[PDB]
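Below is one structure; the comments refer to it alone.
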Amino acid sequence: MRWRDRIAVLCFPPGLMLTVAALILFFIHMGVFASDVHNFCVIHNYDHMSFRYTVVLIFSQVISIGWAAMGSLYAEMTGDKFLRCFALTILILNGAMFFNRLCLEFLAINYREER
Amino acid sequence: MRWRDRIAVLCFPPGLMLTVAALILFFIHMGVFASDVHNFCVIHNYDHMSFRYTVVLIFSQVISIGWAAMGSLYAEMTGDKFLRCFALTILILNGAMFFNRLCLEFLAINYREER
Amino acid sequence: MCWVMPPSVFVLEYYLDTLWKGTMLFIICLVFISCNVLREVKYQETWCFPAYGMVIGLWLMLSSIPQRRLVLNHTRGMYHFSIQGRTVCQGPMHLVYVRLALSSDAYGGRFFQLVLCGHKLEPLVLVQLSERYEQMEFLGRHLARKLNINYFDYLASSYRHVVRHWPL
Amino acid sequence: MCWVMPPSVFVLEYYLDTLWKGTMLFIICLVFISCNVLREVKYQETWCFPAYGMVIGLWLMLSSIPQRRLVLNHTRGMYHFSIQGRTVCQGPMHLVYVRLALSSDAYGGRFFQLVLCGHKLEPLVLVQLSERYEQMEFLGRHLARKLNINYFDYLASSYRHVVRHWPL
Ligand SMILES: CC(C)CCC[C@@H](C)[C@H]1CC[C@H]2[C@@H]3CC=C4C[C@@H](O)CC[C@]4(C)[C@H]3CC[C@]12C
Ligand SMILES: CC(C)CCC[C@@H](C)[C@H]1CC[C@H]2[C@@H]3CC=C4C[C@@H](O)CC[C@]4(C)[C@H]3CC[C@]12C
């Protein structure tokens with residue numbers, strides 16, 4: 001249809017947008033991961049490293065993972081290989097980045113606080 | 001067509017993308033404008049203001065103005081009112097944005113350096 | 001309400017209820033803003049949960065809708081999918097139906113809903129009452145008296161359902 | 001080279017020269033990276049001009065294009081627009097033309113180019129030789145000997161141009 005009008009309004013076509021949201025979640029979480037690694041390696045400024053927001057961005061991680069999955073499932077029935085490849089690539093990169101941040105946080109454990 | 005395939009590859013449809021580039025220039029330039037006013041008003045840490053990059057981001061400003069104008073001209077013949085309204089709104093916001101930053105630089109002229 | 005809505009003089013109009021969810025999300029966040037829990041002793045801050053709630057609520061609020069309508073005008077109407085502004089779906093019959101759908105849980109309790117089927121149409125979910133079967137095709141005959149098109153039932157054709165327009 | 005190209009046995013194939021632009025942009029900005037001008041006395045750094053160079057060259061390189069082809073096969077081919085992978089434009093004749101285009105400066109010097117007109121087709125820009133008209137329609141007759149479709153001239157029909165297929 002008028003993608004034009006599709007992108008017009010009232011709302012929007014099926015899912016899609018919900019898939020590209022995982023992309024911009026990937027963008028911001030990659031930026032935060034880069035800042036974490038940068039502050040861990042050279043500058044050594046543990047005062048302003050993300051030791052403080054710990055569980056809330058992990059919850060953001062998991063809702064983004066579920067969102068990318070649900071978008072892939074809700075976009076697979078279009079019958080076109082490109083959309084499926086798009087969604088599956090986003091799922092794979094989000095899962096890899098989640099596991100990477102989990103390994104990073106489990107590694108830097110002696111640096112936050114003690115209970 | 002298959003916007004799908006349009007967004008597929010090899011390149012892309014006419015202009016468009018060149019119009020939405022002005023949008024993300026507006027994003028980054030409004031970001032640095034916000035940082036500049038924030039440093040001017042309360043925190044007062046002029047060492048880290050945008051005193052150092054002053055002409056290159058002005059050149060980026062003028063190239064974004066020209067880009068948004070050329071995209072509006074190159075997308076007006078689609079015959080659809082929504083695209084014209086889109087491009088004209090981006091042109092207007094970029095122009096008012098540019099005049100705002102020109103005024104602010106002309107105001108803070110005693111804080112840079114002197115010849 | 002039984003003799004007001006099924007007559008449905010000419011066109012029908014329809015909306016979505018997602019604006020209720022957006023308004024409730026806004027109310028919940030505005031409660032969450034002022035004087036929330038003070039868990040600095042938890043070595044964490046939970047403002048990002050209402051921030052994500054605001055992202056979701058703002059996106060859901062953006063789902064605006066002018067009065068989803070068709071050409072269910074009691075004439076030879078085309079049943080063209082109509083929206084104030086843009087129009088998308090057009091078809092000569094054979095697509096607008098009314099179908100009964102069933103849902104089940106692990107226990108086996110059955111819930112009955114109804115959908116006006118078509119290319120990106122709106123459903124006919126009844127007002128929170130599905131435990132018994134009641135009358136089935138009586139409201140179906142009322143829809144037939146409106147602009148008879150279909151009244152589909154569950155599973156295949158078999159029996160116990162009526163059709164009015166066919167494309168062969 | 002005068003003989004080899006006109007027969008253009010069956011299909012023709014075509015590409016773009018924007019890859020050259022991306023390549024020279026990358027080379028120039030790579031030169032710009034190492035040991036540029038030292039204008040810290042100018043109270044400024046000019047690295048963001050080549051950063052915009054990165055951006056422009058990387059986008060211009062992204063315009064990949066596999067061998068733009070048609071159904072100019074010397075048969076009853078439909079001249080359907082063909083690309084390795086996707087296909088976009090289809091048309092039963094009446095759209096693929098060859099047209100002479102003219103450009104002028106403030107002085108009045110005339111420059112002549114050629115375009116295979118159609119729905120998002122590719123042009124026939126000759127290799128940097130346009131001061132005189134030479135023979136004009138002899139190459140048009142050779143295109144006609146290929147798969148005769150049109151040979152359009154400037155302005156309206158009038159005279160001095162030949163048509164082969166018409167939709168009336
Ligand atoms: C709300 C939804 C969309 C999730 C997005 C989370 C955003 C809002 C969060 C997650 C990552 C966060 C940043 C992570 C790191 C830094 C640097 C630190 O020294 C102070 C906090 C600060 C500056 C945070 C600000 C807020 C932030 C950007
Ligand atoms: C290259 C094209 C796309 C234009 C993009 C301009 C970008 C690269 C420029 C413009 C605004 C710039 C930033 C403006 C402000 C700051 C804070 C200052 O204390 C140091 C420089 C720094 C961190 C700059 C880095 C480079 C920057 C982000």
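Order determines the names: the first chain of the structure tokens is A, the second B, and so forth; residues in each chain are numbered 1 upward, and ligands are numbered 1 upward as they are shown.
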
Exercise for review: Return the Cα root-mean-square deviation, in Å, for chain D superposed on chain C by least squares with the Cα atoms paired in order.
Suggested key: 0.2 Å

**Study point:** For range 27-30 of chain D: contacts at 8 Å, only C-alpha atoms, fewer than 5 positions along chain excluded, given as number ranges by chain
**Key:** D: 50, 53-54

Exercise for review: Can you tell me which residues come within 9 Å of ligand 1 when counting only C-alpha atoms and all ligand atoms, ideally as a list in words?
Suggested key: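 What falls inside 9 Å of ligand 1 is residues 25, 28, 29, 31, 32, 35, 36, 46, 47, 48, 49, 50, 51, 52, 53, 56, 57, 60 and 61 of chain A; 47, 48, 49, 50, 51, 52, 53, 54, 55 and 56 of chain C.
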
Would you mind exporting N, CA and C atoms of the selected residues as a PDB file, in the first residue's frame?
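The resulting file, result-v5.pdb, is shown below:
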ATOM      1  N   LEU A  25      17.492  -0.172  21.024  1.00  0.00           N
ATOM      2  CA  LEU A  25      17.944  -0.778  22.271  1.00  0.00           C
ATOM      3  C   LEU A  25      19.348  -1.347  22.126  1.00  0.00           C
ATOM      4  N   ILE A  28      21.826   1.705  22.101  1.00  0.00           N
ATOM      5  CA  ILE A  28      22.110   2.311  23.400  1.00  0.00           C
ATOM      6  C   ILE A  28      22.854   1.339  24.318  1.00  0.00           C
ATOM      7  N   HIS A  29      22.530   0.045  24.263  1.00  0.00           N
ATOM      8  CA  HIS A  29      23.230  -0.915  25.108  1.00  0.00           C
ATOM      9  C   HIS A  29      24.655  -1.150  24.630  1.00  0.00           C
ATOM     10  N   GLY A  31      26.430   1.259  23.258  1.00  0.00           N
ATOM     11  CA  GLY A  31      27.116   2.446  23.754  1.00  0.00           C
ATOM     12  C   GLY A  31      27.480   2.335  25.225  1.00  0.00           C
ATOM     13  N   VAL A  32      26.551   1.824  26.034  1.00  0.00           N
ATOM     14  CA  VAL A  32      26.821   1.647  27.459  1.00  0.00           C
ATOM     15  C   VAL A  32      27.909   0.599  27.687  1.00  0.00           C
ATOM     16  N   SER A  35      31.213   2.252  26.907  1.00  0.00           N
ATOM     17  CA  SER A  35      31.633   3.121  28.004  1.00  0.00           C
ATOM     18  C   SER A  35      32.151   2.310  29.186  1.00  0.00           C
ATOM     19  N   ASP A  36      31.488   1.194  29.496  1.00  0.00           N
ATOM     20  CA  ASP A  36      31.924   0.335  30.594  1.00  0.00           C
ATOM     21  C   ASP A  36      33.318  -0.220  30.336  1.00  0.00           C
ATOM     22  N   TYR A  46      36.374   4.621  38.382  1.00  0.00           N
ATOM     23  CA  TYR A  46      35.299   3.808  38.947  1.00  0.00           C
ATOM     24  C   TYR A  46      34.226   4.633  39.652  1.00  0.00           C
ATOM     25  N   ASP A  47      34.520   5.905  39.928  1.00  0.00           N
ATOM     26  CA  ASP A  47      33.527   6.808  40.498  1.00  0.00           C
ATOM     27  C   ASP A  47      32.316   6.962  39.585  1.00  0.00           C
ATOM     28  N   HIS A  48      32.542   7.069  38.276  1.00  0.00           N
ATOM     29  CA  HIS A  48      31.463   7.310  37.326  1.00  0.00           C
ATOM     30  C   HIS A  48      31.219   6.139  36.380  1.00  0.00           C
ATOM     31  N   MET A  49      31.793   4.971  36.656  1.00  0.00           N
ATOM     32  CA  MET A  49      31.432   3.783  35.898  1.00  0.00           C
ATOM     33  C   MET A  49      30.020   3.352  36.290  1.00  0.00           C
ATOM     34  N   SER A  50      29.358   2.614  35.400  1.00  0.00           N
ATOM     35  CA  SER A  50      27.994   2.177  35.670  1.00  0.00           C
ATOM     36  C   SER A  50      27.946   1.039  36.684  1.00  0.00           C
ATOM     37  N   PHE A  51      28.490   1.271  37.881  1.00  0.00           N
ATOM     38  CA  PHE A  51      28.264   0.378  39.008  1.00  0.00           C
ATOM     39  C   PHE A  51      26.911   0.607  39.657  1.00  0.00           C
ATOM     40  N   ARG A  52      26.295   1.758  39.407  1.00  0.00           N
ATOM     41  CA  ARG A  52      25.120   2.194  40.144  1.00  0.00           C
ATOM     42  C   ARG A  52      23.814   1.698  39.543  1.00  0.00           C
ATOM     43  N   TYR A  53      23.676   1.738  38.221  1.00  0.00           N
ATOM     44  CA  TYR A  53      22.513   1.180  37.532  1.00  0.00           C
ATOM     45  C   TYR A  53      22.898  -0.226  37.087  1.00  0.00           C
ATOM     46  N   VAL A  56      18.445  -2.499  36.627  1.00  0.00           N
ATOM     47  CA  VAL A  56      17.415  -1.912  35.780  1.00  0.00           C
ATOM     48  C   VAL A  56      17.796  -2.040  34.306  1.00  0.00           C
ATOM     49  N   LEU A  57      19.078  -1.906  33.977  1.00  0.00           N
ATOM     50  CA  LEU A  57      19.482  -2.103  32.598  1.00  0.00           C
ATOM     51  C   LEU A  57      19.571  -3.576  32.236  1.00  0.00           C
ATOM     52  N   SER A  60      16.123  -4.065  31.224  1.00  0.00           N
ATOM     53  CA  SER A  60      16.008  -3.534  29.867  1.00  0.00           C
ATOM     54  C   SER A  60      16.578  -4.509  28.840  1.00  0.00           C
ATOM     55  N   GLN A  61      17.719  -5.126  29.161  1.00  0.00           N
ATOM     56  CA  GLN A  61      18.298  -6.187  28.342  1.00  0.00           C
ATOM     57  C   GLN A  61      17.286  -7.287  28.064  1.00  0.00           C
TER      58      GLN A  61
ATOM     59  N   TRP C  47      14.302   4.587  38.529  1.00  0.00           N
ATOM     60  CA  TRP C  47      13.585   5.551  37.702  1.00  0.00           C
ATOM     61  C   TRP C  47      13.463   5.082  36.259  1.00  0.00           C
ATOM     62  N   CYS C  48      14.321   4.153  35.837  1.00  0.00           N
ATOM     63  CA  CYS C  48      14.278   3.663  34.467  1.00  0.00           C
ATOM     64  C   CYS C  48      13.073   2.764  34.215  1.00  0.00           C
ATOM     65  N   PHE C  49      12.518   2.125  35.249  1.00  0.00           N
ATOM     66  CA  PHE C  49      11.263   1.399  35.058  1.00  0.00           C
ATOM     67  C   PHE C  49      10.104   2.322  34.679  1.00  0.00           C
ATOM     68  N   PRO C  50       9.815   3.425  35.395  1.00  0.00           N
ATOM     69  CA  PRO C  50       8.815   4.366  34.867  1.00  0.00           C
ATOM     70  C   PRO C  50       9.263   5.094  33.613  1.00  0.00           C
ATOM     71  N   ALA C  51      10.567   5.227  33.360  1.00  0.00           N
ATOM     72  CA  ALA C  51      11.002   5.798  32.086  1.00  0.00           C
ATOM     73  C   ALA C  51      10.611   4.895  30.916  1.00  0.00           C
ATOM     74  N   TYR C  52      10.824   3.588  31.067  1.00  0.00           N
ATOM     75  CA  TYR C  52      10.402   2.636  30.047  1.00  0.00           C
ATOM     76  C   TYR C  52       8.883   2.583  29.958  1.00  0.00           C
ATOM     77  N   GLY C  53       8.206   2.750  31.098  1.00  0.00           N
ATOM     78  CA  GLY C  53       6.757   2.865  31.075  1.00  0.00           C
ATOM     79  C   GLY C  53       6.284   4.071  30.286  1.00  0.00           C
ATOM     80  N   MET C  54       7.002   5.191  30.396  1.00  0.00           N
ATOM     81  CA  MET C  54       6.688   6.367  29.587  1.00  0.00           C
ATOM     82  C   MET C  54       6.944   6.137  28.109  1.00  0.00           C
ATOM     83  N   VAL C  55       8.030   5.443  27.766  1.00  0.00           N
ATOM     84  CA  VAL C  55       8.269   5.120  26.359  1.00  0.00           C
ATOM     85  C   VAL C  55       7.114   4.288  25.804  1.00  0.00           C
ATOM     86  N   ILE C  56       6.709   3.253  26.546  1.00  0.00           N
ATOM     87  CA  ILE C  56       5.611   2.392  26.112  1.00  0.00           C
ATOM     88  C   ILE C  56       4.297   3.163  26.047  1.00  0.00           C
TER      89      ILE C  56
END

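Shortest atom-to-atom contact with ligand 2 among D:157, D:8, D:46, D:34: D:46, counting only C-alpha atoms and all ligand atoms.
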
Check your understanding: Quick one: residues within 10 Å of range 94-106 of chain C, only C-alpha atoms counted, chain neighbours fewer than 5 positions away excluded, as a PyMOL selection string?
Key -> chain C and resi 79-80+111-119+121+123-125+130+136+140+143+148-155+161+163-168

Practice item. Return the neighbours of chain A among the residues of chain B, cut-off 10 Å, counting only C-alpha atoms, as a count of residues only. Key: 9

Practice item. Find the residues in chain D near chain B: any atom within 6 Å counts, using only C-alpha atoms. Write them as an NGL selection string. Key: :D and (44 or 63-65)

Check your understanding: Where does DSSP see alpha helix (DSSP H) in chain B, if you list the residues as a ChimeraX atom specification?
Key -> /B:3-6,17-38,56-75,81-107

Review point. What does the distance between CA of residue 71 in chain D and CA of residue 84 in chain D come to in Å, to one decimal place?
Key: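 Here the two named atoms are 13.0 Å from each other.
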
Review point. What is the CA of residue 22 in chain B-CA of residue 68 in chain B distance in Å, reported with one decimal?
Key: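 If I compute the distance from CA of residue 22 in chain B to CA of residue 68 in chain B, I get 5.7 Å.
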